[PDB]
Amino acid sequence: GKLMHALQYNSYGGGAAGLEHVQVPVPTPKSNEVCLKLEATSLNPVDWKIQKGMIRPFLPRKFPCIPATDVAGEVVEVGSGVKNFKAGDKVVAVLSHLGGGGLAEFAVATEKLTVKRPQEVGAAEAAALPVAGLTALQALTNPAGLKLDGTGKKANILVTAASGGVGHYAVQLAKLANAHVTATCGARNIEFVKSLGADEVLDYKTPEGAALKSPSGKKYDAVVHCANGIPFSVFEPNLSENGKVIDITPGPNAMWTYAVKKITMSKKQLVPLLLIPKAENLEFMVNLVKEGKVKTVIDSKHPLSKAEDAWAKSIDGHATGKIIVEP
């Protein structure tokens, strides 16, 4: 019965204050799970949303909850039925949102959602990938219908909040797909988003950025919508005839909009997106980082002993790239 350091919250609404440092049993791998000694964990906005109560009645399943799901680490123990990993292997993995366990010294992941991390890729650089990166990949690959080898159709992509976790992957992945990328962000990251490969960058505080209006007049074929303030009517004049707004933060309004735009057979569509994590895709993204085709941008690094600072930074929402917790 080894013990570990972890952070957990015990109730809704506590913010970073409600995040409490605790000493808890190291989890035991089931027959299909692996136990990782964590080398890096990355936060996602859904992590603090769950704690706030915004994902009720789905999450969290039970209190207390150890938050975060994107991890990179070293395998220390594998389950009786695990074939692809042994102790000592460096990996990157996605933890179940049901059980969490990223802000801890150790975590268990299923074999299905664990991928070998090549030595060319650091732990933090890899831990930033699972949620943010796979979401960008899914949005551009399914609804936007792009191909990242070069077969794909030419296209105009808008990426809102291009400076955040999903956004900053989306911009880079979109360029690998030979698309014209228009991006929105704050004034301080304009040069940053340009360096990711965006053809046009808008400051969303300016009138033109708020209208999402392309400085060269482009109509968008698909929007990877990573921000939150914007009603469909703002997107509509900027969409091509059959353009899709891919809302990666679907709420009740999005769902309803989706419904009536299906019902009324609208040519311009709003499409909710719910990430489906698959190892093939994680393996694919990790490989892109290895080959230097995609770079992970890290907002900040925090030790586990001060992880409430990383949490606060997530909550605040001004992250540029991915927030990382290290041991």
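One-based numbering along the sequence shown.
*Asks:* Comparing 101-109 with 140-148, which stretch shows the greater average C-alpha B-factor in the deposited entry?
*Replies:* Per the PDB record, 140-148.
*Asks:* In the PDB record, does 74-82 or 129-137 carry the higher mean Cα temperature factor?
*Replies:* Stretch with the higher mean C-alpha B-factor: 74-82.
*Asks:* Which one of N44, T296, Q269, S300 shows the biggest C-alpha B-factor in the PDB entry?
*Replies:* Reading the PDB entry, the winner on C-alpha B-factor is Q269.
*Asks:* Based on the PDB record, which member of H180, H168, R117, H225 exhibits the highest Cα temperature factor?
*Replies:* Most elevated C-alpha B-factor of the set, per the entry: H180.
*Asks:* State the tercile, meaning the lowest, middle or highest third, of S96 with respect to the CA B-factors recorded for its chain.
*Replies:* It falls in the bottom third of the chain.
*Asks:* Which third, lowest, middle or highest, does the C-alpha temperature factor of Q172 belong to within its own chain?
*Replies:* It falls in the bottom third of the chain.
*Asks:* Among the modelled residues of its chain, does the C-alpha B-factor of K262 lie in the lowest, middle or highest third?
*Replies:* According to the entry, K262 has a C-alpha B-factor in the chain's highest third.
*Asks:* Would you check the entry's CA temperature factor for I66 and let me know if it's in the chain's lowest, middle or highest third?
*Replies:* For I66, the deposited C-alpha B-factor lands in the lowest third.
*Asks:* Per the entry's values, where does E191 land by CA temperature factor relative to the rest of its chain, in the lowest, middle or highest third?
*Replies:* Its C-alpha B-factor, which the entry lists for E191, ranks in the highest third among residues of this chain.
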